[PDB]
Structures are given as C-alpha cells and as structure tokens.
$ cat start-v2.cif   # mmCIF, C-alpha atoms
data_work
#
loop_
_atom_site.label_atom_id
_atom_site.label_comp_id
_atom_site.auth_asym_id
_atom_site.auth_seq_id
_atom_site.Cartn_x
_atom_site.Cartn_y
_atom_site.Cartn_z
CA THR A 556 -25.81 -3.22 -46.47
CA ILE A 557 -24.48 -5.03 -49.56
CA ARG A 558 -25.19 -3.89 -53.11
CA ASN A 559 -25.33 -6.31 -56.06
CA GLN A 560 -24.47 -4.85 -59.47
CA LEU A 561 -24.29 -8.21 -61.24
CA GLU A 562 -27.18 -9.38 -63.43
CA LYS A 563 -27.35 -12.75 -61.66
CA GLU A 564 -28.45 -13.95 -58.25
CA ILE A 565 -25.67 -13.77 -55.66
CA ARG A 566 -24.98 -15.31 -52.25
CA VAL A 567 -22.09 -13.89 -50.23
CA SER A 568 -20.98 -14.14 -46.61
CA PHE A 569 -19.30 -11.55 -44.43
CA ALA A 570 -17.34 -11.41 -41.18
CA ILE A 571 -16.81 -8.56 -38.74
CA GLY A 572 -13.56 -7.33 -37.22
CA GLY A 573 -12.70 -5.01 -34.37
CA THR A 574 -10.29 -4.49 -31.53
CA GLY A 575 -12.77 -5.02 -28.69
CA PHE A 576 -15.79 -6.07 -30.70
CA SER A 577 -16.86 -9.71 -30.89
CA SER A 578 -19.49 -11.40 -33.05
CA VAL A 579 -22.05 -12.89 -30.67
CA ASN A 580 -22.72 -16.02 -32.71
CA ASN A 581 -21.99 -15.76 -36.45
CA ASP A 582 -19.01 -17.53 -38.00
CA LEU A 583 -20.10 -16.58 -41.54
CA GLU A 584 -23.49 -14.97 -42.16
CA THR A 585 -24.60 -15.86 -45.69
CA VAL A 586 -27.19 -13.82 -47.60
CA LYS A 587 -29.11 -14.54 -50.79
CA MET A 588 -29.89 -11.57 -53.02
CA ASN A 589 -31.36 -11.22 -56.50
CA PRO A 590 -29.78 -9.20 -59.34
CA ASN A 591 -29.49 -5.42 -59.13
CA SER A 592 -30.56 -5.03 -55.52
CA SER A 593 -29.18 -4.25 -52.07
CA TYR A 594 -29.47 -6.44 -48.98
CA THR A 595 -29.52 -5.16 -45.40
CA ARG A 596 -29.33 -7.16 -42.18
CA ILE A 597 -28.43 -6.46 -38.55
CA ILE A 598 -25.77 -8.51 -36.74
CA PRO A 599 -25.54 -8.57 -32.91
CA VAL A 600 -22.12 -7.56 -31.58
CA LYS A 601 -20.82 -6.91 -28.07
CA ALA A 602 -18.32 -4.15 -27.31
CA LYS A 603 -15.92 -4.67 -24.44
CA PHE A 604 -13.82 -1.49 -24.29
CA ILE A 605 -14.96 2.14 -24.19
CA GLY A 606 -13.76 4.85 -26.52
CA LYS A 607 -13.02 5.27 -30.20
CA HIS A 608 -13.57 1.88 -31.84
CA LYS A 609 -12.80 0.67 -35.37
CA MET A 610 -15.09 -1.94 -36.92
CA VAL A 611 -13.85 -3.85 -39.95
CA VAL A 612 -16.47 -5.68 -42.01
CA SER A 613 -15.33 -7.93 -44.85
CA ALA A 614 -17.26 -9.97 -47.41
CA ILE A 615 -16.04 -13.56 -47.72
CA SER A 616 -16.86 -16.18 -50.35
CA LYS A 617 -15.30 -19.66 -50.42
CA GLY A 618 -12.50 -18.62 -48.07
CA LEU A 619 -11.65 -15.52 -50.13
CA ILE A 620 -12.16 -11.99 -48.84
CA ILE A 621 -14.25 -10.27 -51.51
CA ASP A 622 -14.53 -6.76 -50.06
CA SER A 623 -13.89 -4.96 -46.77
CA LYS A 624 -14.89 -1.64 -45.21
CA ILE A 625 -13.95 0.12 -41.96
CA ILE A 626 -16.38 2.16 -39.87
CA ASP A 627 -15.89 4.21 -36.69
CA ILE A 628 -17.89 3.56 -33.51
CA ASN A 629 -17.91 5.41 -30.18
CA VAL A 630 -18.73 3.06 -27.31
CA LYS A 631 -20.10 4.70 -24.18
CA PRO A 632 -19.64 3.61 -20.55
CA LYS A 633 -22.63 1.76 -19.15
CA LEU A 634 -24.13 3.52 -16.13
CA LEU A 635 -26.03 1.81 -13.32
CA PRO A 636 -29.54 2.90 -12.31
CA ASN A 637 -30.50 4.69 -9.13
CA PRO A 638 -30.49 2.60 -5.93
CA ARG A 639 -34.10 1.47 -5.64
CA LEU A 640 -36.04 2.69 -2.61
CA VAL B 371 -50.65 11.43 -55.58
CA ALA B 372 -49.54 12.28 -59.13
CA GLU B 373 -46.01 13.39 -58.19
CA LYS B 374 -45.40 9.80 -57.07
CA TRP B 375 -45.96 8.64 -60.65
CA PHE B 376 -42.85 10.57 -61.72
CA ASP B 377 -40.57 8.31 -59.68
CA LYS B 378 -39.93 5.06 -61.54
CA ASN B 379 -39.58 2.97 -58.36
CA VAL B 380 -43.15 3.55 -57.12
CA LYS B 381 -44.72 0.31 -58.33
CA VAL B 382 -47.61 0.07 -55.84
CA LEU B 383 -48.98 2.97 -53.79
CA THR B 384 -50.73 2.12 -50.51
CA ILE B 385 -52.65 4.39 -48.11
CA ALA B 386 -54.28 3.18 -44.89
CA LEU B 387 -56.03 5.02 -42.05
CA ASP B 388 -59.14 5.07 -39.87
CA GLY B 389 -62.28 5.43 -41.96
CA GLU B 390 -64.44 7.26 -39.42
CA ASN B 391 -62.27 9.40 -37.13
CA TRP B 392 -61.05 11.75 -39.87
CA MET B 393 -64.58 12.99 -40.67
CA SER B 394 -65.55 13.08 -36.98
CA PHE B 395 -62.67 14.85 -35.18
CA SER B 396 -62.20 17.88 -37.44
CA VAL B 397 -63.34 21.39 -36.58
CA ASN B 398 -66.03 21.34 -39.31
CA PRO B 399 -66.95 17.69 -40.02
CA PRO B 400 -69.50 18.47 -42.78
CA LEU B 401 -66.78 19.96 -44.99
CA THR B 402 -64.74 16.75 -44.75
CA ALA B 403 -67.66 15.10 -46.58
CA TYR B 404 -67.25 17.52 -49.51
CA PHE B 405 -63.50 16.91 -49.43
CA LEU B 406 -64.05 13.17 -49.84
CA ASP B 407 -66.28 13.70 -52.89
CA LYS B 408 -63.69 16.02 -54.45
CA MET B 409 -61.08 13.34 -53.74
CA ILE B 410 -63.14 10.69 -55.49
CA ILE B 411 -63.69 12.93 -58.51
CA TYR B 412 -60.01 13.84 -58.86
CA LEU B 413 -58.81 10.25 -58.37
CA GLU B 414 -60.95 9.10 -61.30
CA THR B 415 -59.36 11.83 -63.44
CA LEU B 416 -55.99 10.07 -63.03
CA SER B 417 -57.31 6.51 -63.45
CA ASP B 418 -58.81 7.25 -66.88
CA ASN B 419 -55.71 8.84 -68.45
CA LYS B 420 -53.82 5.63 -67.55
CA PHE B 421 -51.70 7.40 -64.94
CA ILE B 422 -52.73 5.27 -61.95
CA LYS B 423 -54.82 2.09 -61.72
CA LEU B 424 -57.39 2.63 -58.97
CA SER B 425 -58.07 -0.92 -57.76
CA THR B 426 -58.47 -3.18 -54.73
CA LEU B 427 -55.77 -4.85 -52.66
CA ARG B 428 -56.82 -8.39 -53.62
CA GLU B 429 -56.26 -7.61 -57.30
CA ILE B 430 -52.81 -6.21 -56.48
CA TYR B 431 -52.08 -9.41 -54.56
CA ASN B 432 -52.64 -11.56 -57.67
CA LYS B 433 -51.43 -9.19 -60.41
CA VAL B 434 -48.23 -8.13 -58.64
CA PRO B 435 -46.44 -11.09 -57.01
CA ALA B 436 -43.83 -10.27 -54.39
CA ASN B 437 -40.29 -10.95 -55.61
CA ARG B 438 -38.17 -9.59 -52.76
CA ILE B 439 -37.94 -11.38 -49.41
CA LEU B 440 -37.95 -9.83 -45.94
CA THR B 441 -36.45 -11.97 -43.20
CA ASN B 442 -37.43 -9.94 -40.12
CA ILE B 443 -39.77 -7.09 -39.17
CA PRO B 444 -39.41 -5.82 -35.58
CA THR B 445 -42.37 -5.55 -33.22
CA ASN B 446 -44.02 -2.13 -33.38
CA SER B 447 -47.19 -0.18 -34.25
CA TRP B 448 -47.65 2.88 -36.47
CA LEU B 449 -46.91 4.98 -33.39
CA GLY B 450 -43.37 3.71 -32.93
CA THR B 451 -44.06 2.60 -29.36
CA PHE B 452 -46.42 0.57 -27.20
CA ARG B 453 -46.41 3.14 -24.39
CA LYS B 454 -49.83 4.39 -25.52
CA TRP B 455 -51.46 1.22 -24.13
CA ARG B 456 -48.86 0.58 -21.39
CA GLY B 457 -47.14 3.52 -19.71
CA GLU B 458 -48.93 6.79 -20.47
CA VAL B 459 -51.58 6.08 -17.81
CA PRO B 460 -50.24 5.61 -14.25
CA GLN B 461 -52.69 2.75 -13.59
CA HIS B 462 -51.72 0.66 -16.62
CA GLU B 463 -49.24 -1.63 -14.87
#
$ encode --input "start-v2.cif" --output "structure tokens"
Amino acid sequence: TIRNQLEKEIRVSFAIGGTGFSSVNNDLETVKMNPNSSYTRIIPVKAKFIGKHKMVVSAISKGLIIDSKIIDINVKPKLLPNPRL
Amino acid sequence: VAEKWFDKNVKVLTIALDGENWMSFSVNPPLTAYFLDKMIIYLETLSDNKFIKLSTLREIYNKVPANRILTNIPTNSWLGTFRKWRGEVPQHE
C-alpha cells in the first residue's frame, strides 16, 4: 500500500527485497494514483527458505530509491498430502 | 442509516439483498410487511430534510461518475466461497 500526500497525480514504481524471496516476474511495477489517495496491489513472490524472513520493499522512481520499508514474514514448511488409496 | 451520514467519506450508500426471501422465511411473515412500511415512512423522513437523497441506481450512475480505478477483483460470491454449489453436497462432483 502506497499513500500519496501530494496534490498532484503520481506514478511510482517499487521493487522487493529479501534473503530467500524472489519476485516472480516484476522488474519494476509502476502504479498510477491520483492526489490524496492510497494505492494497494498484490505482487506474487516465491519463498525458498523456511523460517524468519525479512522482506524489504522500496519505492523507485527514475533509478532513485524514494522510500523503503522492512516487514517480517514467517515461511512454513510445505507438507505433502496423504498417500492416495 | 443516519449514522452513516456523520462520516464524511460515505458518498454513496448501497444496499442489496433478495426481495422475497426476507418476508417469507421469518417466524411471523405478516409482521415483516409492517416493518417494510415503517421503513418506507422513516426513509422519507431523512430524504426531505436533505440528509440523504433517496434515488435510483441509474441516476447515481450519471450524477456521480467514478474517479478511482480498480485493476482487479478476485472471483467470489457474497458467501466468500463457491462450496455452496460445489462441495457441500456429496453428489456435486
């Protein structure tokens, strides 16, 4: 979620960052939001280790990192289903 | 209905539901007919004092254009699942 406090219409892009995480297919996901409004979108990511993860998300415009924020994710082991009869 | 007027962000208020099951699946269906009349009386008491604007959805479509843009809405019903029509009866599959 990205909030816009400017009085003009904004378009930013953001990239993800993590130690085992990987963006599925998004080099730079650009949005297009109007003044004084938030913008929410879901990005598909794939975890590859289990445990206490650290996602870094950073907003990037014209090669410049605008803003960044770190969240904490717990990835669980993937269990197989019962052997079918 | 009126407490929603207090919030500044409530621009359009929308209510949708089945128009026949609510008066036909209650314990005392005749009283639900009196309830509806009382509803209609009270709703006109708010539309005259210029609190709400009791109107049709077509008029809202033209008078209030949509400025925001939604890029994706996931597949779902008002029940949050499709298991009602596929899964809650053993001979659905």
$ interface_residues --input "start-v2.cif" --of "chain B" --to "chain A" --cutoff "10 Å" --atoms "all atoms listed in the file" --output "ChimeraX atom specification"
/B:437-442
$ atom_distance --input "start-v2.cif" --atom1 "CA of residue 576 in chain A" --atom2 "CA of residue 558 in chain A"
24.4 Å
$ atom_distance --input "start-v2.cif" --atom1 "CA of residue 557 in chain A" --atom2 "CA of residue 569 in chain A"
9.8 Å
$ resolve_selection --input "start-v2.cif" --expression "the PyMOL selection byres ((chain A and resi 630) around 6)" --output "VMD selection string"
chain A and resid 605 to 606 629 631
$ atom_distance --input "start-v2.cif" --atom1 "CA of residue 428 in chain B" --atom2 "CA of residue 394 in chain B"
28.5 Å
$ residues_near_point --input "start-v2.cif" --point "(-22.8, -5.3, -55.8)" --cutoff "9 Å" --atoms "only C-alpha atoms" --output "VMD selection string"
chain A and resid 557 to 561 565 590 to 593
$ resolve_selection --input "start-v2.cif" --expression "the PyMOL selection byres ((chain A and resi 618) around 12)" --output "JSON, numbers by chain"
{"A": [567, 568, 569, 570, 583, 613, 614, 615, 616, 617, 619, 620, 621]}
$ residues_around --input "start-v2.cif" --residues "residue 375 in chain B" --least-positions-apart "6" --cutoff "10 Å" --atoms "only C-alpha atoms" --output "VMD selection string"
chain B and resid 381 to 383 421 to 422
$ build_atoms --input "start-v2.cif" --residues "range 614-635 of chain A" --atoms "N, CA, C and O atoms" --output "PDB file, in the coordinates of the input"
ATOM      1  N   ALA A 614     -16.428  -8.986 -46.725  1.00  0.00           N
ATOM      2  CA  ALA A 614     -17.260  -9.970 -47.410  1.00  0.00           C
ATOM      3  C   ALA A 614     -16.391 -11.141 -47.854  1.00  0.00           C
ATOM      4  O   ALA A 614     -15.325 -10.941 -48.442  1.00  0.00           O
ATOM      5  N   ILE A 615     -16.849 -12.356 -47.573  1.00  0.00           N
ATOM      6  CA  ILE A 615     -16.040 -13.560 -47.720  1.00  0.00           C
ATOM      7  C   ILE A 615     -16.828 -14.622 -48.467  1.00  0.00           C
ATOM      8  O   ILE A 615     -17.936 -14.992 -48.064  1.00  0.00           O
ATOM      9  N   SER A 616     -16.248 -15.116 -49.559  1.00  0.00           N
ATOM     10  CA  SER A 616     -16.860 -16.180 -50.350  1.00  0.00           C
ATOM     11  C   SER A 616     -15.822 -17.265 -50.595  1.00  0.00           C
ATOM     12  O   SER A 616     -14.767 -16.997 -51.176  1.00  0.00           O
ATOM     13  N   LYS A 617     -16.131 -18.484 -50.152  1.00  0.00           N
ATOM     14  CA  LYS A 617     -15.300 -19.660 -50.420  1.00  0.00           C
ATOM     15  C   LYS A 617     -13.879 -19.454 -49.888  1.00  0.00           C
ATOM     16  O   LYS A 617     -12.892 -19.814 -50.534  1.00  0.00           O
ATOM     17  N   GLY A 618     -13.775 -18.857 -48.705  1.00  0.00           N
ATOM     18  CA  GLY A 618     -12.500 -18.620 -48.070  1.00  0.00           C
ATOM     19  C   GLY A 618     -11.740 -17.418 -48.588  1.00  0.00           C
ATOM     20  O   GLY A 618     -10.621 -17.170 -48.128  1.00  0.00           O
ATOM     21  N   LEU A 619     -12.312 -16.666 -49.522  1.00  0.00           N
ATOM     22  CA  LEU A 619     -11.650 -15.520 -50.130  1.00  0.00           C
ATOM     23  C   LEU A 619     -12.357 -14.252 -49.689  1.00  0.00           C
ATOM     24  O   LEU A 619     -13.584 -14.165 -49.777  1.00  0.00           O
ATOM     25  N   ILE A 620     -11.588 -13.274 -49.217  1.00  0.00           N
ATOM     26  CA  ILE A 620     -12.160 -11.990 -48.840  1.00  0.00           C
ATOM     27  C   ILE A 620     -12.492 -11.212 -50.105  1.00  0.00           C
ATOM     28  O   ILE A 620     -11.599 -10.859 -50.885  1.00  0.00           O
ATOM     29  N   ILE A 621     -13.776 -10.948 -50.316  1.00  0.00           N
ATOM     30  CA  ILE A 621     -14.250 -10.270 -51.510  1.00  0.00           C
ATOM     31  C   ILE A 621     -14.054  -8.764 -51.374  1.00  0.00           C
ATOM     32  O   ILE A 621     -13.453  -8.122 -52.243  1.00  0.00           O
ATOM     33  N   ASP A 622     -14.554  -8.195 -50.281  1.00  0.00           N
ATOM     34  CA  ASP A 622     -14.530  -6.760 -50.060  1.00  0.00           C
ATOM     35  C   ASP A 622     -14.491  -6.500 -48.567  1.00  0.00           C
ATOM     36  O   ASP A 622     -14.946  -7.335 -47.787  1.00  0.00           O
ATOM     37  N   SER A 623     -13.951  -5.348 -48.174  1.00  0.00           N
ATOM     38  CA  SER A 623     -13.890  -4.960 -46.770  1.00  0.00           C
ATOM     39  C   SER A 623     -14.097  -3.459 -46.641  1.00  0.00           C
ATOM     40  O   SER A 623     -13.787  -2.691 -47.555  1.00  0.00           O
ATOM     41  N   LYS A 624     -14.631  -3.047 -45.492  1.00  0.00           N
ATOM     42  CA  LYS A 624     -14.890  -1.640 -45.210  1.00  0.00           C
ATOM     43  C   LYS A 624     -14.774  -1.397 -43.708  1.00  0.00           C
ATOM     44  O   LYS A 624     -15.162  -2.244 -42.901  1.00  0.00           O
ATOM     45  N   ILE A 625     -14.243  -0.233 -43.345  1.00  0.00           N
ATOM     46  CA  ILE A 625     -13.950   0.120 -41.960  1.00  0.00           C
ATOM     47  C   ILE A 625     -14.891   1.252 -41.557  1.00  0.00           C
ATOM     48  O   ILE A 625     -15.013   2.252 -42.274  1.00  0.00           O
ATOM     49  N   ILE A 626     -15.550   1.105 -40.414  1.00  0.00           N
ATOM     50  CA  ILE A 626     -16.380   2.160 -39.870  1.00  0.00           C
ATOM     51  C   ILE A 626     -15.840   2.549 -38.496  1.00  0.00           C
ATOM     52  O   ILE A 626     -14.980   1.883 -37.927  1.00  0.00           O
ATOM     53  N   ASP A 627     -16.361   3.643 -37.953  1.00  0.00           N
ATOM     54  CA  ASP A 627     -15.890   4.210 -36.690  1.00  0.00           C
ATOM     55  C   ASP A 627     -17.049   4.237 -35.710  1.00  0.00           C
ATOM     56  O   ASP A 627     -18.119   4.767 -36.026  1.00  0.00           O
ATOM     57  N   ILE A 628     -16.846   3.667 -34.526  1.00  0.00           N
ATOM     58  CA  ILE A 628     -17.890   3.560 -33.510  1.00  0.00           C
ATOM     59  C   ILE A 628     -17.369   4.110 -32.193  1.00  0.00           C
ATOM     60  O   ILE A 628     -16.225   3.862 -31.802  1.00  0.00           O
ATOM     61  N   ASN A 629     -18.219   4.865 -31.504  1.00  0.00           N
ATOM     62  CA  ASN A 629     -17.910   5.410 -30.180  1.00  0.00           C
ATOM     63  C   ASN A 629     -18.735   4.633 -29.162  1.00  0.00           C
ATOM     64  O   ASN A 629     -19.964   4.739 -29.139  1.00  0.00           O
ATOM     65  N   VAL A 630     -18.062   3.851 -28.329  1.00  0.00           N
ATOM     66  CA  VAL A 630     -18.730   3.060 -27.310  1.00  0.00           C
ATOM     67  C   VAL A 630     -18.760   3.845 -26.006  1.00  0.00           C
ATOM     68  O   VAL A 630     -17.741   4.396 -25.573  1.00  0.00           O
ATOM     69  N   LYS A 631     -19.929   3.901 -25.374  1.00  0.00           N
ATOM     70  CA  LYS A 631     -20.100   4.700 -24.180  1.00  0.00           C
ATOM     71  C   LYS A 631     -20.054   3.831 -22.927  1.00  0.00           C
ATOM     72  O   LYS A 631     -20.429   2.657 -22.969  1.00  0.00           O
ATOM     73  N   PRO A 632     -19.587   4.371 -21.804  1.00  0.00           N
ATOM     74  CA  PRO A 632     -19.640   3.610 -20.550  1.00  0.00           C
ATOM     75  C   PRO A 632     -21.075   3.347 -20.135  1.00  0.00           C
ATOM     76  O   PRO A 632     -21.968   4.175 -20.327  1.00  0.00           O
ATOM     77  N   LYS A 633     -21.291   2.170 -19.560  1.00  0.00           N
ATOM     78  CA  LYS A 633     -22.630   1.760 -19.150  1.00  0.00           C
ATOM     79  C   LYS A 633     -22.849   2.152 -17.695  1.00  0.00           C
ATOM     80  O   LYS A 633     -22.118   1.706 -16.805  1.00  0.00           O
ATOM     81  N   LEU A 634     -23.854   2.988 -17.455  1.00  0.00           N
ATOM     82  CA  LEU A 634     -24.130   3.520 -16.130  1.00  0.00           C
ATOM     83  C   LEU A 634     -25.222   2.716 -15.438  1.00  0.00           C
ATOM     84  O   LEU A 634     -26.173   2.256 -16.076  1.00  0.00           O
ATOM     85  N   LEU A 635     -25.073   2.549 -14.128  1.00  0.00           N
ATOM     86  CA  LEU A 635     -26.030   1.810 -13.320  1.00  0.00           C
ATOM     87  C   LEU A 635     -27.203   2.695 -12.936  1.00  0.00           C
ATOM     88  O   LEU A 635     -27.074   3.916 -12.838  1.00  0.00           O
TER      89      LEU A 635
END
